[PDB]
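Asks: Below is the structure I would like to discuss, written out as structure tokens.
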Number of protein chains: 2
Amino acid sequence: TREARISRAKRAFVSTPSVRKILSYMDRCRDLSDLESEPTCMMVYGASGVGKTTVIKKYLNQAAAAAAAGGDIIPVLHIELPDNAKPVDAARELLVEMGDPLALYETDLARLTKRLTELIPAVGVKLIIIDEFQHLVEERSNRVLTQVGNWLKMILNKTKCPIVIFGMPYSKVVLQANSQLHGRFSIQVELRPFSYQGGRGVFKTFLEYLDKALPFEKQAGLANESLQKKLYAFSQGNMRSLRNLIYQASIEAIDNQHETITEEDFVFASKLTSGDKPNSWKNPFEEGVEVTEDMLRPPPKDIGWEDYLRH
Amino acid sequence: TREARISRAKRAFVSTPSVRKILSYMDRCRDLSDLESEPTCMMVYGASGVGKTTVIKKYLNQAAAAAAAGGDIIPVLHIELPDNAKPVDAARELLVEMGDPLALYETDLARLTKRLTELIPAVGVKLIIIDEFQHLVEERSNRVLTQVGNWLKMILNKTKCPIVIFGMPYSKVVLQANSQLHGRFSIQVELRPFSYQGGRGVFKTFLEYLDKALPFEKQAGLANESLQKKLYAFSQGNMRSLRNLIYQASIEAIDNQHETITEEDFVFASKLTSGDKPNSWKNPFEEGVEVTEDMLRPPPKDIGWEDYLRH
Ligand SMILES: Nc1ncnc2c1ncn2[C@@H]1O[C@H](COP(=O)(O)OP(=O)(O)OP(=O)(O)O)[C@@H](O)[C@H]1O
Ligand SMILES: Nc1ncnc2c1ncn2[C@@H]1O[C@H](COP(=O)(O)OP(=O)(O)OP(=O)(O)O)[C@@H](O)[C@H]1O
């Protein structure tokens with residue numbers, strides 16, 4: 001097996017220009033705040049499985065690794081809101097994640113607000129990264145509960161620290177709900193999936209560097225005329241479904257001792273990770289799926305909105 | 001009677017490839033942690049009566065028998081959380097199980113956290129095995145109380161010692177509740193029941209080696225065309241109900257001096273241990289139960305989820 005080779009196939013990061021744009025803006029957002037004046041506050045949108053969490057994890061490592069190794073400093077944070085979050089819930093989650101208080105027994109919302117305003121300049125917080133902002137949309141109705149948004153405005157104005165709220169694109173209406181919180185988050189970037197198949201685009205050079213990063217020694221066959229068309233036909237832009245197929249195909253080619261990823265175990269990997277794919281979607285790998293013009297259209301505008309459009 | 005023979009029938013371990021996978025990963029999880037850097041932290045799921053407690057007991061014996069015989073060292077632990085556990089409750093249970101403090105009079109959660117962090121490197125703890133993780137799911141509501149989970153993250157980061165949390169499959173949502181605790185427990189294995197009857201599978205060789213291990217001298221008749229079909233028809237994959245039937249049949253054949261386990265006392269053992277079995281299930285042993293295609297389907301995906309799906 002060589003689980004070292006398996007973890008090498010699973011932990012493969014390839015920097016796209018969109019990711020490097022987000023990382024440059026994140027480094028900018030941090031280094032601009034003097035923690036006296038009002039911070040910059042970026043909002044980053046992005047659909048289901050574009051690589052937002054990977055961006056936050058890549059930033060976390062490249063920023064706070066040596067500083068966390070130095071001592072209890074924790075310069076940048078990573079917060080994942082709970083579903084249908086109250087200000088007290090997201091406040092105490094922010095508290096128990098940041099350093100080591102108790103903070104989750106005494107829930108009175110005011111004294112724990114005083115605690116984390118006492119503690120944020122104490123440890124030396126430079127940035128707050130919130131991952132889930134679509135949780136403030138109620139599930140079945142379309143009201144967006146503005147208690148956490150107003151509390152975020154409160155904690156932003158009380159202790160001047162830059163907040164980079166990540167979320168799905170239909171979380172925009174939560175920022176549209178509060179006009180003050182809308183005015184605060186000026187910088188808005190859209191981390192949207194891969195665009196076209198025609199070749200010599202960002203998708204080809206991405207698959208070229210991922211072909212380089214795969215643990216096979218000689219070639220993996222990606223980013224050629226035939227296989228790139230079949231790859232985009234399987235996974236439109238969704239980074240996660242593409243990486244899942246490549247991961248399942250890689251570990252399949254590792255299991256039965258092979259040369260590289262070939263058109264032997266890729267078909268098996270396609271039939272394996274085609275459970276989530278929609279009703280009218282066709283698997284381009286099986287017996288005789290002539291990959292069409294209609295399969296290779298760019299992803300729509302409302303790609304990460306559909307759950308909001310469903311009600 | 002010969003209670004020696006009875007204890008021989010009761011204590012019968014047969015290693016499956018799934019159990020050897022869990023034991024190899026457990027030995028790996030222990031021997032990788034240097035107790036300076038962040039440990040590996042495996043999660044092992046498994047339904048109601050797959051043989052989790054037998055795996056922990058087999059590991060406990062094969063690991064810590066000679067070291068516990070040497071002196072007060074206790075390298076590996078075995079912890080069974082109480083129901084609706086608070087951090088102080090599971091903390092003091094961990095304390096009073098590990099070595100010999102008093103530890104269960106002074107409940108202040110902070111000084112006993114300090115006590116067990118003082119004591120874990122003192123005695124030389126190498127591994128912590130937690131058996132019940134589904135207790136952190138509240139009974140009638142579907143909130144999963146995250147105080148014990150956050151305390152487990154706390155004790156993991158404070159003293160770097162590998163924790164192998166066992167539990168039922170619907171305990172997964174407790175690991176989904178805390179994103180940091182989710183990120184920590186990377187290695188996740190599913191100890192699921194036996195799959196098919198068709199023959200020449202893991203079930204046949206399992207019953208072959210269990211036929212060997214039984215205290216009868218000549219044969220027990222298991223893992224043949226007829227009896228294997230009747231055996232899977234009685235107990236789908238549930239190791240405990242299979243082993244109970246075999247145990248009751250064995251001690252029935254021991255009571256009235258017999259040659260082996262025959263189709264005389266097996267019918268009596270079937271009617272004896274068929275109380276727990278569901279409403280629509282049929283006993284394949286009684287008078288004329290022609291064992292059908294519909295009886296021998298593999299166990300479902302959500303085999304250990306049903307109590308979570310009930311509310
Ligand atoms: N630049 C990259 N190179 C290679 N793989 C990548 C890259 N970016 C992301 N991935 C992969 O994409 C997958 C998507 O996981 P991730 O959780 O980051 O997505 P996400 O968009 O945050 O999902 P969600 O919206 O559900 O939170 C991961 O398996 C990750 O390894
Ligand atoms: N490999 C094996 N060979 C023979 N018998 C086994 C094997 N594994 C488990 N058993 C038997 O299966 C039964 C189940 O016991 P055990 O408590 O280990 O299951 P469990 O899934 O942990 O149950 P619970 O979750 O209720 O604690 C025991 O009687 C044990 O002897």
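Here's how to read the names in the structure tokens: chain A, B, ... by the order shown, residue numbers from 1 in each chain, ligand numbers from 1 in the order shown.
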Which residues are near ligand 2 - at most 7 Å, using only C-alpha atoms and all ligand atoms? Format: as a ChimeraX atom specification.

Replies: /B:10-16,46-55,210,239-240,243-244

Asks: Taking only C-alpha atoms into account, what are the residues of chain A at most 9 Å from chain B, put as a list in words?

Replies: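 Putting it all together, I get residues 79, 80, 82, 96, 97, 100, 104 and 105 of chain A.
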
Asks: Pick out each residue of segment 149-292 of chain A that DSSP on the backbone tags as strand (DSSP E); I need them as a ChimeraX atom specification.

Replies: /A:163-166,188-190

Asks: Give me the residues near residue 33 of chain A as a tab-separated table (two decimals) with C-alpha atoms, in the first residue's frame, where near means some atom within 12 Å (using only C-alpha atoms) and where sequence neighbours in that chain fewer than 4 positions away do not count.

Replies:
chain	number	residue	atom	x	y	z
A	26	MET	CA	-5.62	37.98	2.96
A	27	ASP	CA	-1.93	39.01	3.64
A	28	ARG	CA	-2.97	42.60	2.58
A	29	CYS	CA	-6.08	42.58	4.92
A	37	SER	CA	-8.43	52.44	13.10
A	38	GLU	CA	-11.25	50.48	11.33
A	39	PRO	CA	-9.90	47.28	9.65
A	40	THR	CA	-10.30	46.27	5.95
A	41	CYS	CA	-12.70	43.23	6.32
A	125	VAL	CA	-5.17	38.32	17.61
A	126	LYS	CA	-4.22	39.82	14.17
A	127	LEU	CA	-7.04	38.26	12.02
A	156	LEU	CA	-15.58	44.73	14.85
A	159	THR	CA	-11.90	45.70	19.17
A	160	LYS	CA	-10.60	46.84	15.70
A	161	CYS	CA	-9.47	43.44	14.23
A	162	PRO	CA	-9.92	42.43	10.55
A	163	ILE	CA	-12.53	39.63	9.92

Asks: Quick one: residues within 8 Å of segment 136-144 of chain B, only C-alpha atoms counted, chain neighbours fewer than 5 positions away excluded, as an MDAnalysis selection string?

Replies: chainID B and resid 83:85 171 173:174 177 308 311

Asks: Which is closer to ligand 1 than all the others in A:187, A:4, A:94, A:303, using only C-alpha atoms and all ligand atoms?

Replies: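 Using only C-alpha atoms and all ligand atoms, ligand 1 sits closest to A:303.
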
Asks: Rounded to one decimal place, report the atom CA of residue 122 of chain A-atom CA of residue 32 of chain A distance in Å.

Replies: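 Going from atom CA of residue 122 of chain A over to atom CA of residue 32 of chain A covers 20.0 Å.
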
Asks: Pick out the closest residue to ligand 1 from this set: A:5, A:192, A:114, A:301. Count only C-alpha atoms and all ligand atoms.

Replies: A:192
